[PDB]
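These protein sequence lines map, in sequence, to chains A, Y and V.
Under PDB author numbering, think of the first position of the first sequence as 339, with each following residue one higher.
With PDB author numbering applied, the second sequence corresponds to residues 507 to 586, 594 to 630, 778 to 927, 959 to 1109, 1114 to 1145, in that order.
With PDB author numbering applied, the third sequence corresponds to residues 1013 to 1109, 1114 to 1145, in that order.
Virtual Cβ for every residue (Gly too), placed ideally from N, Cα, C.
See below for the structure under consideration.
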Amino acid sequence: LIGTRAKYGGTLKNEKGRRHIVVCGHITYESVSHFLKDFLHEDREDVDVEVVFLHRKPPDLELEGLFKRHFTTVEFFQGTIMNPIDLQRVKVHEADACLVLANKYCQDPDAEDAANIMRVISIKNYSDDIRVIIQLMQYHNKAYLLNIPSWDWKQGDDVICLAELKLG
Amino acid sequence: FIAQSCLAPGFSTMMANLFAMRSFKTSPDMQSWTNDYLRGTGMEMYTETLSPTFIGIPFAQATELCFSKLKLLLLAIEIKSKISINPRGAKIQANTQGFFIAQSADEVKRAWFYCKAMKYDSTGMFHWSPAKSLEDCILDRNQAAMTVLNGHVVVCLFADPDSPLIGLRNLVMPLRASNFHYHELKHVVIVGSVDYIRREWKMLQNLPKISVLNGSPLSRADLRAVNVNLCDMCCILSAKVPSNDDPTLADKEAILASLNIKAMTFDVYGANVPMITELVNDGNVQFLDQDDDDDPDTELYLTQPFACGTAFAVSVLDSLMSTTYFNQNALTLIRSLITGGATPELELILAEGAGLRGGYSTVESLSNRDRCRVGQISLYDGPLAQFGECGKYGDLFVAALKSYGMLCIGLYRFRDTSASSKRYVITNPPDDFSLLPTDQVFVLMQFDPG
Amino acid sequence: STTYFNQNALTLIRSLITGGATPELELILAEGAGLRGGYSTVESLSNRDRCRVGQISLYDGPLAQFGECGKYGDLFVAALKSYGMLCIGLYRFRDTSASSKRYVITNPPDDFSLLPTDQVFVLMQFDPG
Ligand SMILES: [Mg+2]
């Protein structure tokens, strides 16, 4: 019993002149893979930005293989973006931007949007001058993000509304 | 606790710290507000038998003697089986237990040795109404728009039709106590689904001045209709069972609605609207405030919304389990202060399933209305306002007790001397404390017939 | 990924696919009253004057003479100077033959060769009438 221990955890490794982003929210195979195809694309001109994934549940076998193929630029950490301790582990203040992904296959889009918005509040509470980009299910939930005092569109914060963009 | 906050804002924080273990912290790097607040958090309630010298004198003269000489705050005594919060004209009998507020039991022990060398309900403790129908109390958006509500209480309810029932009577019954005159009663408007409210409207039929509005507290149209910009207190409660996906994300609607109201503008400012939020998580309290400098590892009782009375954490109820075990009388005092008077036979009346049954008022039934109530006063104006400038707390405490009978419990002082419309609570400031003209005092006011 | 690398990427996209969604329009919808109308004034009606996404064909019209032996650059210059339309790309038939199923070409070069059965992606202006 003593020998067995968890494999995911620990503070993110620090590097000199290291630029990285934190991705939280819905972490699945066909959602992370599409983002990694464009962010780490073959033809993109040479800029090195690490990708940090912070999900509460450990990755499954389908997604574990994806992280193996991108071991040099993608690292996974088990935790919650809402926990201030886990925010320190992923080094939020060192991150260039924070990305929040939305669960497209959700029974209640309003409940998913509220949880996603509340994640932004936790990130903004930890660090005021952090750039946050969020996927939002419904257009009418954009007004809630405007209620956050630290949310500034000119600073770099932006909202990607799936319903508005897809049907647009 | 929330109901008492509507009458006196910040009262929930005062009880949360009083009946809990608070660790005093010393550090050269803290502001002046933290120094006074932290000392108040160390105050605790203790029970001790009064000295033989104290026998045969009224309670008012006895409690001022403890404050002046013994440096103790005596707020209640044992009357034979009954708890009397600041009794008026009640002599002290032999071996009467007294409730004291002090830093520890060291000063409390000094009290033991000391020498000079159809209108109301059946119990008469609550107001009654002739069983108003639910349909008559439902207000449409247009109906609420064409009426003006001032100095009322808005209850923002997040509940589904199948949500578990949380007793809404426990919030309105303290607001309908017999201490308050009918003219000074606060109107209560509930914003939520009528389907959920109908399932529990049975116990609210006989409580006067209750209004129900169809809609959601998140929508700004409903909030503008009920005029929350002019309400005395807006309460945000959630009855929905959490999805259990994430313990921290249990309260999403409460946080979103809390920030939504603060950002609203009226033709005035949402941040100036008095507000209390029920938070089922301890770590989400800091999200209510934004202009703080607290490292997220800050303790709950040092967090900005908690110390200011704008956030209520249900975790204090779990901590109250420990308090009850160590002191049996701890919950007796709490219930006598937050329920507005809940006699043991009142449960028997409700056990019959007939609801709050009224009764014809008699001479000695109406005597139950004469008891102290939790209230808040200001030193801005009035004959007592002359203590605001260059005045000591002890001078205010003695003068109010001798002339008005009010018992000063604590202070509700502005954060910034400047007045940022957001105050913090100080529990039982010392005798040599310095007052301010813009300070509010927690008092236990008596009942004045009229 | 595109939004992170270029902040203005989504600003251009929203201005092209939403038909014009001012930031204050969200504030109007935030009140829960739905799309509230308003009385048209002189400077309120000036908001109607903006470009829109449209498609044109070279089958007929005075511009049709670029269809045969015509270059894309000549079409781009003539349309802009006379009509103000901005040619973005082409929607050309798969088979020269016309199988009623076309493919898109984004910004063809200056020396590109046109066809009489080609459709052009343009940003047409607003013509009051
Ligand atoms: Mg304490």
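- Excluding sequence positions up to five before and after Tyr842(Y), its CB lies less than 6 Å from no other CB in the same chain.
- Identification of chain A residues near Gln1067(V) by a Cβ-Cβ cut-off of 8 Å yields none; the smallest Cβ-Cβ distance measures about 17 Å.
- Put simply, the CB of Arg469(A) is far from chain Y, with every gap to its CB atoms at 9 Å or more.
- The closest heavy atom of ligand 1 lies 8 Å or more from the beta carbon of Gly1101(Y).
- Nearest C-alpha to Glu383(A) among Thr1122(V), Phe1128(V), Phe1017(V), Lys1117(V): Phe1017(V).
- In the assembly as shown, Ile461(A) is a buried residue. Its beta-carbon has 16 or more other beta-carbons within 10 Å.
- For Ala607(Y), the number of other beta carbons within 10 angstroms of its own is below 16, and it is reported as exposed.
- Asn874(Y) carries a strand assignment under DSSP once its states are collapsed to helix, strand and coil.
- Of all alpha-carbon atoms in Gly1082(Y), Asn1059(Y), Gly1085(Y), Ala1090(Y), the one lying nearest the alpha-carbon of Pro1144(Y) is that of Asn1059(Y).
- Close partners of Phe373(A) in chain V (Cβ separation under 8 Å): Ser1013.
- DSSP lists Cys895(Y) as the bridge partner or partners of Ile967(Y).
- What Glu353(A) touches in chain V, judged by beta-carbon distance under 7 Å, is nothing: the nearest beta carbon there is about 20 Å away.
- The beta carbon of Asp1127(Y) sits closer than 7 Å to those of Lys1083, all from its chain and outside the five residues before and after it, given in chain order.
- The stretch 868-887 of chain Y makes contact with the stretch 786-801 of chain Y: 3 or more CB pairs, one atom from each, lie closer than 8 Å.
- In this structure, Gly611(Y) is the residue among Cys572(Y), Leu576(Y), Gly611(Y), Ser823(Y) with its C-alpha nearest to the C-alpha of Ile585(Y).
- Residue contact check for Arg394(A) against chain Y: a CB pair falls below 9 Å.
- Here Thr1015(V) is near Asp496(A), since their CB atoms are less than 9 Å apart.
- By a beta-carbon distance limit of 8 Å, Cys362(A) does not contact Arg469(A). Their separation comes to about 14 Å.
- Chain order gives no chain A residues near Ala910(Y), where near means a beta carbon separation below 7 Å; the closest approach is about 10 Å.
- Within 8 Å of the C-beta of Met893(Y) there is not a single heavy atom belonging to ligand 1.
- The stretch 808-815 of chain Y makes no contact with the stretch 610-627 of chain Y: fewer than 3 CB pairs, one atom from each, lie closer than 8 Å.
- In terms of beta-carbon proximity, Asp906(Y) lines the interface with chain A, with at least one pair separated by less than 9 Å.
- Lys1083(Y) sits in a strand when the DSSP states are folded into three classes.
- Chain-ordered listing is empty here: chain V has no CB closer than 9 Å to the CB of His364(A), the nearest sitting near 16 Å.
- Ligand 1 approaches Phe525(Y) closely enough that one of its heavy atoms is under 8 Å from the residue's Cβ.
- Short of 7 Å from the beta carbon of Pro447(A), and not among the five residues preceding or following it, lie these beta carbons of its own chain, in chain order: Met475, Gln476.
- Taking the Cβ of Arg545(Y) as the reference point, every heavy atom of ligand 1 lies at 8 Å or farther away.
- Under the three-state reduction of DSSP output, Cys628(Y) falls in the coil class, being neither helix nor strand.
- Under DSSP, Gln1067(Y) takes part in a beta bridge, and its partners are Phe1137(Y).
- For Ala1045(Y), the closest Cβ of chain A is not nearer than 9 Å.
- In this structure, the CA atom of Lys912(Y) is about 51 Å from the CA atom of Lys575(Y).
- The Cβ-Cβ distance between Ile455(A) and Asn479(A) falls below 9 Å.
- As the crow flies, the alpha-carbon of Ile1029(Y) is around 59 Å from that of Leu1028(V).
- Taking C-beta separations shorter than 7 Å and ignoring five residues to either side along the sequence, the partners of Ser511(Y) in its chain run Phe517, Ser518, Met893, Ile967, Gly1000, following chain order.
- Close partners of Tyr482(A) in chain Y (Cβ separation under 9 Å): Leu878, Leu916, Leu919, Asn920.
- Shown in chain order are the members of the stretch 473-497 of chain A whose Cβ falls below 7 Å from a Cβ of chain V: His478, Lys480, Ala481, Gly494, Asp496.
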